[PDB]
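Residue numbers (the authors' numbering), protein chains in the order written: chain h, 2 to 437; chain i, 2 to 437; chain H, 545 to 665; chain I, 572 to 654.
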Amino acid sequence: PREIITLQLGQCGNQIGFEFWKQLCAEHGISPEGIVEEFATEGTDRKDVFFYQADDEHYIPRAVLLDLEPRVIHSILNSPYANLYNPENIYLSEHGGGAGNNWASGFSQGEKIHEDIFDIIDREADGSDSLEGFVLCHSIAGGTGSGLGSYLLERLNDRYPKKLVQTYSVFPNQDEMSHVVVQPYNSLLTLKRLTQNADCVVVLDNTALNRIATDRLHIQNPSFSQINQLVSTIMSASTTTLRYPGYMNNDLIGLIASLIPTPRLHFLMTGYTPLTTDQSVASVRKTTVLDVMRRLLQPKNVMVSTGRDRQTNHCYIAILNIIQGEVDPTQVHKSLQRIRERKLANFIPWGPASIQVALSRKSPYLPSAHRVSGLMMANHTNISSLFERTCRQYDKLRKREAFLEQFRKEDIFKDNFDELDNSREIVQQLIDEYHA
Amino acid sequence: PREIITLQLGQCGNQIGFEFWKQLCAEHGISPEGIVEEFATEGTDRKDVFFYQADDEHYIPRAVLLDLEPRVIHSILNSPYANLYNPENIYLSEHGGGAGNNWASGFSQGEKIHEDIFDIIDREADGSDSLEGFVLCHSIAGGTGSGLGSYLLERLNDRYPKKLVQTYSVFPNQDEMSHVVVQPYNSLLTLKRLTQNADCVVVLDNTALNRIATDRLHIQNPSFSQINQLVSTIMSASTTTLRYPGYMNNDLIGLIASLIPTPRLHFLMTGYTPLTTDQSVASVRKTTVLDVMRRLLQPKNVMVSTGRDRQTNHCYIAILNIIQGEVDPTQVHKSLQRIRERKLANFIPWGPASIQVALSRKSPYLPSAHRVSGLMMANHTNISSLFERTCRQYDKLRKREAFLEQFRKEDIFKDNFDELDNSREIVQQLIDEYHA
Amino acid sequence: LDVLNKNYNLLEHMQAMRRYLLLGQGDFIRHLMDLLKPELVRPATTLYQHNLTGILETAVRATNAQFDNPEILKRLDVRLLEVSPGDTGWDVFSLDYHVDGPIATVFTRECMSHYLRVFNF
Amino acid sequence: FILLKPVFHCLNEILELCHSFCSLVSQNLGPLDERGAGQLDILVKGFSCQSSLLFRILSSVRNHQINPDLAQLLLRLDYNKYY
């Protein structure tokens, strides 16, 4: 009765949501063809959370997988986790459209599958007891996922009044500009819809990902396939207080409420420490819980690139530390004492902040209940570093004579370009303005 | 001693009663000319309630079969169910008439065979001292059963209003329009006599069957003959506390008493869920009592069309929910708590309403008494949608000007055409006024 | 400790009264209070009680579909208090882990009077 | 025989009072008569003597643990008069 429909979209965005469901099948003790384990009732006392209750004695996802190219969805039927998905109830078979590239391509193409894109998500919320909302699992990389992914931010904001909108925006490799070059454009276009039509977002970047991909995995080839494993894990980690009972803030509309002071300051930084083959073997000899929430305030587990000097030009207001698995609970309240002792995150003097600590039980399967995982879902005002990063690459691109005539043949015959520069400079000043 | 005399009439009207009686022999566990087992009397504790009471060891129908075409009863003369009827009494073999495809052919043959049509149904009532009534097993379809049946709706109303009159009105097929074209005309004349010279009608829509026949049976093209199968089952289904002895509402005028607050608001929508034969391979392990009567508040169990956007603009006043067979009887009072709590229908809040649940045993033949059956006999006030649907097809015909002197050469020498548009807006407004 | 294990499941109900009345499991209780919220906003009545009794039963089927088999749900009930009508109508509704058997040897009347006080906070 | 005195008297009086609603209907051309409306007026009193008498039972039904199975049955037919 807090059920969320994922709107998986994009060429990359279906892939990052694919392993999110494959992650869920391993903790719910299901198989992608039935129910097998009895650990499913004894471990989780509420299996429904993003699943519709059974009509074949099998829990059905609430997932939709739409993309312009049919190639990405044909890259799922060769896997037999496409028998967890049904052929026309979850993905629609042969979803067509453009090639595609440019943000304005996919934005006008949802207006002609306008009937049909909302008849597969209104055709699943038609069973739901009371729908919480919608999580739009889409990508800013390419023009396919970013173009159409921005359209569902409009139409769910005038046909749904009190439903949660929130996207896991994955900004592409910023050092690359030869992989995609329409990148400062499709990013700032989407950033405008997230500050006057979205509520809250979860920011992620790839150049800071690869900072961890060469330190904890030590693979020297960056690709889409090795980067969906890091992404699916924090998706399931962020809602384990709805998957299993919490206590207080046991809703997702509980967690998010305390992570936001005002809109256009709702961009949350994620951090996720364990990605090593040494962490599994050092939790058997005990690892402490009094230092897995003092290691998250070291900035090198974060997937959002920011200064080493913008971390004392900005003050934290809400920081949430959800530890899962092993957790020693006669000293977990003692671990939250020790944050104020180090002062590695500052706090606002004029208003009251929050050092939020939370806990939740995992899978009743042992090597996924005895390892220390520390999830951070921060709210730091140093998120303006990515906005300056996209915005300096945007004014730079238009002075290199590009997308001033290569963007004005896709139904765009007016200026709306300096509407994107000025609206980003208002957002970036108002984030900083909220602290004194 | 509630002996009912059936008036099976019309081309299609003989066909829907033909299998009604053939079902009853199948449920009495007896051959059609004798009594062949002792499981018939120990299992069925009262077999006679339409049948003529026994004195030859075989129970014989109280049926009259009139049609203008003698061809439907000659396809019964050589069929081996002519010993479950009589070809010199029950049905007159070689009963003439026209084709017929006129309302005024049959209306004027009942005005010269007027003595004989009422002396074939009081020779079928001479085995009961105190008669229940007459059930008009006739159709609004074609001009035979609909042309002659309006004469019987008046003259059995002014010689017998004390008694039950009740018809199963099987609406003309609206996908026919080139085979029958007198269809808006003969339908509104028989409906005009049904709102003041009749107690009850039981509305049945034909085009709304064939909607369900392609979703639960999945036959390639539902043709008339596989449409008579769906009616005869629901007919034997409505008598299940009248045949097998109940204890509450064990007369037919018992059930109908709380399903009719006021005349001309008596039109019952019928629903029957076990059309899906995937209910049966799940009720062999039991399908719960907690969901067998929530599916009688599902707006897709209906055999009749009604509004959907008029289900929040109107309210239910009386809905009867017959579950049959296996029921588990001690959690049926637990299920009725749970109807009102989700709110799966609206119900009027100003005055009297009733959500009636009943239960009954079936046949001593287990391969049709171990599969959950749900009969809805609704009365919802959005039934005024059907009177608009027929009327939009009536005034559209009078605007091409047909049947304004091509219909006044036989027994009409007046103009009662705008009396039928008027009588329909009278009906639609007095139904709509009753709630608030 | 062996006769309880066969009959009463005593030290499991030591855990079970902590999961509802103190809300160890909040999802069960949020999913109750949710449907219940348009019903508590109005002033209390004497036509009040008949739907609080089935807003529980509509809640424990709505929040499970695989944990109805235990006898824990049947041994917890809804407790009502005679509250006068002037008030929101929220300090009326309360749950209690219904005991009255030889299972009430670790529960007593001075116990559920203190469970009534922790329930309000 | 629901509870010894009170409730049992409310109920058999209920079926006595609609047995006179039968004798109120059994008139042929009843309402267009002076006695047709005269008889009506007495019974609309005799009925609210029962809706109020049933109402005192409901306060005791609200009051905790009279007999729960008595209160679940009597409120079930009452929400069944409403919805």
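We put the CB at the ideal spot given by N, CA and C, even for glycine.
Say the cut is 7 Å; is the CB of residue i nearer than that to a heavy atom of the ligand NAD?
{"i": "i/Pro62", "result": "As far as ligands go, the structure on display features none, and thus does not contain the ligand NAD."}
Any idea if residue i is buried or exposed, counting beta-carbon neighbours within 10 angstroms, 16 or more meaning buried?
{"i": "I/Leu603", "result": "exposed"}
{"i": "h/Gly352", "result": "exposed"}
{"i": "H/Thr649", "result": "exposed"}
{"i": "i/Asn302", "result": "buried"}
{"i": "i/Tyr273", "result": "buried"}
{"i": "i/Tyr60", "result": "buried"}
{"i": "i/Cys201", "result": "buried"}
{"i": "i/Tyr248", "result": "exposed"}
{"i": "H/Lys550", "result": "exposed"}
{"i": "h/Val37", "result": "exposed"}
{"i": "I/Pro639", "result": "exposed"}
{"i": "H/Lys618", "result": "exposed"}
Looking at the structure shown, is residue i part of a helix, part of a strand, or coil, going by DSSP?
{"i": "h/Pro33", "result": "strand"}
{"i": "h/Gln9", "result": "strand"}
{"i": "i/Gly18", "result": "helix"}
{"i": "h/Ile141", "result": "coil"}
{"i": "i/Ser374", "result": "strand"}
{"i": "i/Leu149", "result": "helix"}
{"i": "i/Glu420", "result": "helix"}
{"i": "h/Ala346", "result": "coil"}
{"i": "i/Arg244", "result": "coil"}
{"i": "H/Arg623", "result": "strand"}
{"i": "h/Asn380", "result": "strand"}
Using a C-beta to C-beta distance shorter than 7 Å, which residues of chain I count as neighbours of residue i?
{"i": "H/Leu624", "result": "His635"}
Can you pull the chain H neighbours of residue i, defined as C-beta to C-beta under 7 Å?
{"i": "I/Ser630", "result": "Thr590"}
{"i": "i/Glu342", "result": "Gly598, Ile599 and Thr602"}
{"i": "I/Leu646", "result": "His594"}
{"i": "i/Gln338", "result": "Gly598 and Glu601"}
Output, in chain order, the set of chain h residues within a Cβ distance shorter than 7 Å of residue i.
{"i": "H/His575", "result": "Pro2"}
{"i": "H/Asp612", "result": "Result: empty, since nearest Cβ-Cβ is about 11 Å, beyond 7 Å."}
Name, in chain order, the residues that DSSP records as bridge partners for residue i.
{"i": "i/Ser369", "result": "Answer is none; i/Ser369 lacks a bridge partner."}
{"i": "i/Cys316", "result": "i/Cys316 is not bridged to any residue."}
{"i": "i/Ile324", "result": "i/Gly375"}
{"i": "h/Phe414", "result": "None, per the DSSP bridge assignment."}
{"i": "h/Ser170", "result": "h/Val204"}
{"i": "H/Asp640", "result": "H/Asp621"}
{"i": "i/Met270", "result": "i/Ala379"}
{"i": "h/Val136", "result": "h/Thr7 and h/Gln167"}
{"i": "h/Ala64", "result": "h/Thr7"}
Would you mind telling me which residues of chain h sit closer than 8 Å to residue i, beta carbon to beta carbon, in chain order?
{"i": "H/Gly570", "result": "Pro246, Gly247, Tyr248, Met249 and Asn251"}
{"i": "H/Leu567", "result": "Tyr248"}
{"i": "H/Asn608", "result": "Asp46 and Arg47"}
{"i": "H/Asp578", "result": "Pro2 and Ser131"}
In chain I, what lies closer than 9 Å to residue i by C-beta?
{"i": "i/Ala354", "result": "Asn651, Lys652, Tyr653 and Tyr654"}
By the criterion of Cβ-Cβ separation under 9 Å, what are the contact partners of residue i in chain H?
{"i": "h/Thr241", "result": "Within chain H, no residue comes near h/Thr241; the closest Cβ sits about 12 Å away, beyond 9 Å."}
{"i": "h/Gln54", "result": "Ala609"}
Taking residue i as the query, report the chain H residues whose CB atoms sit under 8 Å from its CB, ordered along the chain.
{"i": "h/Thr42", "result": "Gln610 and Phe611"}
* Asked: Do three or more CB pairs link the region 323-336 of chain h to the region 367-379 of chain h at distances below 8 Å?
  -> Three or more beta-carbon pairs separated by less than 8 Å link the region 323-336 of chain h to the region 367-379 of chain h, which places the two stretches in contact.
* Counting Cβ pairs, one atom from each stretch, are 3 or more of them under 8 Å apart for the region 68-82 of chain i and the region 48-57 of chain i? -> Touching, no.
* Asked: How do the region 396-403 of chain i and the region 353-365 of chain i stand: do at least 3 beta-carbon pairs fall below 8 Å, yes or no?
  -> No, the region 396-403 of chain i is not in contact with the region 353-365 of chain i.
* To do: Would you check if there are 3 or more beta carbon pairs closer than 8 Å linking the region 407-422 of chain i to the region 186-196 of chain i?
  => Counting C-beta pairs with one atom in each stretch, the region 407-422 of chain i and the region 186-196 of chain i have three or more that are closer than 8 Å, which means they touch.
* Hey, is the region 278-297 of chain i in contact with the region 247-257 of chain i, meaning 3+ C-beta pairs nearer than 8 Å? -> Result no; under three Cβ-Cβ pairs closer than 8 Å.
* Taking three-plus beta-carbon pairs below 8 Å as touching, is the region 134-143 of chain h in contact with the region 157-169 of chain h? -> Counting Cβ pairs under 8 Å, three or more are found: they touch.
* Asked: Would the region 588-598 of chain H and the region 328-348 of chain i be scored as touching if the rule is three or more Cβ pairs under 8 Å?
  -> Taking a cut-off of 8 Å on C-beta distances, the region 588-598 of chain H touches the region 328-348 of chain i, as three or more cross pairs fall below it.
* Asked: Any chance the region 262-282 of chain i sits against the region 205-222 of chain i, with 3 or more Cβ pairs inside 8 Å?
  -> These segments touch.
* Is the number of C-beta pairs between the region 96-111 of chain h and the region 61-81 of chain h that are closer than 8 Å three or more? -> A contact exists between the region 96-111 of chain h and the region 61-81 of chain h.
* Per the contact definition of three or more C-beta pairs closer than 8 Å, is the region 380-398 of chain i in contact with the region 307-316 of chain i? -> Result yes; three or more Cβ-Cβ pairs closer than 8 Å.
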